[PDB]
């Protein structure tokens, strides 16, 4: 493993929508493994590939032990229901926090390391984290959805 450098907002790679993953290869596996530990070391509950300088639709979330890490490749949100309002920060904007409204329930379709397609349903905080990461894969930063920044 390697502790990847997390890209901060002073950077164009953060707004570049990502390309889909095509070759589910060893290098993709190493990317995910390095991302998960790098994320955890930095106290994040999620991380997207553009945050480590890679413009591929790859992300990982790990908000609870039971659930555990959930790697997402080429994810798309098939459905959303209800809404939730709450505080969000981002590893690419250290120190910045704002109020953000997201869907409460989400149904997601994504691929694992071997390219197999699975279906995941989430809600509350895990659904928020997932939406935040999926935004990153499309070049969208939370800053564009902040209702107000906190004092």
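Residue numbers count along the first chain shown, from 1.
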- Averaging only over Cα atoms, indicate whether 133-141 or 8-16 has the higher B-factor in the PDB entry. 8-16
- So which stretch wins on mean C-alpha B-factor, 118-126 or 66-74? 66-74
- Divide the modelled residues of the chain into thirds by Cα B-factor and specify which third, lowest, middle or highest, holds residue 42. middle
- Message: Using the temperature factors of the C-alpha atoms in this entry, rank residue 85 within its chain: lowest, middle or highest third.
- Response: highest
- Query: Within this chain, which third does the Cα B-factor at residue 56 fall in: lowest, middle or highest?
  - Reply: lowest
- B-factor third for the C-alpha atom of residue 49 within its chain: lowest
- Lowest, middle or highest third - CA B-factor, residue 36: lowest
